[PDB]
Amino acid sequence: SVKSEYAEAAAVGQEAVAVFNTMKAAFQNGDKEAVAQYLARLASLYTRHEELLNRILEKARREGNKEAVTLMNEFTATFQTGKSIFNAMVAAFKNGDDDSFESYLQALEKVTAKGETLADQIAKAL
Ligand SMILES: COc1ccc(-n2nc(C(N)=O)c3c2C(=O)N(c2ccc(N4CCCCC4=O)cc2)CC3)cc1
């Protein structure tokens, strides 16, 4: 249902944010093993998140919920903007580029804040 998919997306989204924050703290402390394993976890969560939203969107469209469909389209563009920065961050880390990695973190952090706000809005709109 819209409700069971939404609740799972919320969990998956919260997990992705928490893992990102844990990964950031690890990096500032020079814990690279930890960092890479979180990158694998984050990418995984992002894929599961996209699949859930694609299903909620279809249900939102079918019930005529133009407000959710609009918000979900803003969240998804925002999410995909952040996901492009994440990809470059993974390519950098594997290349030993710490400086590039730190800059990507800050940028991703700021995109993430935009998605969090839109998340709060989607909750009220579905
Ligand atoms: C139908 O669509 C949604 C959308 C959002 C939710 N949802 N619910 C909650 C909650 N109940 O708290 C949360 C989310 C969520 O997705 N959150 C999040 C995930 C990922 C990002 N990122 C990651 C890096 C790239 C940028 C970016 O935006 C930002 C925010 C915040 C937590 C449910 C259903």
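Anything mentioned here points back to the structure above.
Described below are features of the structure shown in this document. (Residues numbered from 1 in each chain as written, not as in the entry; some residues may be left out. Heavy atoms only, no water.)

### Some thoughts on the nonpolar core
Phase 1 of the analysis: Of all hydrophobic cores here, the largest spans 36 residues; its most connected members are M23, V35, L42 and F101.
Phase 2 of the analysis: For this core, the elements supplying multiple residues, two or more each, are α1 (2-28), α2 (32-62), α3 (66-94) and α4 (98-125).
Phase 3 of the analysis: A total of 11 residues in this core trace back to one element, the largest contributor, which is α2.
Phase 4 of the analysis: Excluding residues that lie within four positions of it along the chain, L42 makes contacts with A16, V19, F20, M23 and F86. (Core = buried A, V, L, I, M, F, W, Y, C linked by side-chain atoms within 4.5 Å. Buried < 20%, exposed > 50% of the residue type's maximum accessible area, 1.4 Å probe, protein only. Helix = DSSP H or I, 4+ residues; strand = E, 2+ residues; numbered from the N terminus. Contact = heavy atoms within 4.5 Å.)

### Describing the pattern of salt bridges
Phase 1 of the analysis: Scanning the entire structure with this criterion turns up 7 salt bridges.
Phase 2 of the analysis: A salt bridge links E15 to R41, with the nearest nitrogen and oxygen atoms 2.6 Å apart. Here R41 lies in helix α2 and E15 lies in helix α1, a separation of 26 residues in the sequence. (Salt bridge = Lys/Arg side-chain N within 4 Å of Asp/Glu carboxyl O.)

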